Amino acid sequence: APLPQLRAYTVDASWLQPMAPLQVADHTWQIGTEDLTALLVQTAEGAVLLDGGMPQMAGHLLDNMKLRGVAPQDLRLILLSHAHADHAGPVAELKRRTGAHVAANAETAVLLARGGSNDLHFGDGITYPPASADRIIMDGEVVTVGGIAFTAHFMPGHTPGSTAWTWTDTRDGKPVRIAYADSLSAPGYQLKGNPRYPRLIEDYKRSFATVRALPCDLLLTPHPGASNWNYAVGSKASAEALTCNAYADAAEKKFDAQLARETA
């Protein structure tokens, strides 16, 4: 009766379905897969990547960047929603091959520094190659790259270092306010009385309020289905998208229903 074999982190095939760059605004592009968001922001002094997807998407991300005429040495900064394997996967590899820097909060940095191991909820089930954060950022801090300002809004819950990012792009000269909000889901989390996360419910609730007040004309999420995006239909991909008010309100209903039946 030998000990069990290691099991790999296997996801849906749509999460790994490569797609060509889809334009969101004048400078923002979706370069991930059909069901996993990876945002590229092209500026005058370099490019910014927000999330990367699964660990095996590093090559694909570099291909799409090459399609936009962004050389590896042109990727200046990597930003994260939260340091889980399905969003921060290729960060370590992308750092070795692009010469980019990684800005994250303290909670995301320590999790990224241990490759997602010892997760508060998942343990060691979803390990990815570890990467080191180069710059610790605080709640409400401003990151500027080539004239575009990225504001961090801490929204703890899914992970302690969950972050929503907001910046103002243009839609052919028309200023658009874009908010990239993190996941508000608690898949399988023990919500009440979790010894690894005592103030979990208080963090989630305040985070629901933080997403509602985001300056946002167009919302995006690490999973496009969470904000009702559909990357397949190209031009019509943002048609049935959700506001921030709808996003936080629908996520809270699921949280409360889950919180209620957890007591049963």
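A residue's number is simply how far along the shown sequence it sits, counting from 1. By rigid core we mean the largest C-alpha set that fits within 1.5 Å across both forms.
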query	finding
Between stretches 115-123 and 169-177, more displaced by Cα RMS in 9 other deposited structures of this protein (rigid core superposition)	169-177
44-52 set against 229-237, stretch whose average Cα temperature factor tops the other in the entry	229-237
Mean C-alpha temperature factor, higher of 10-18 and 238-246	10-18
C-alpha B-factor winner, where the candidates are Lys174, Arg135, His153, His121	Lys174
Candidate residues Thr166, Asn105, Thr144, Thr170, the one whose C-alpha B factor the record puts highest	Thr170
Third of chain Cα B-factors occupied by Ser162	lowest
Ranked C-alpha temperature factor of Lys66 among modelled chain residues, by third	highest
Chain thirds of CA B-factor: placement of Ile126	highest
Chain third (lowest, middle, highest) by recorded CA B-factor, residue given as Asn194	highest
Entry-reported Cα temperature factor of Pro215, expressed as the chain third it lands in	highest
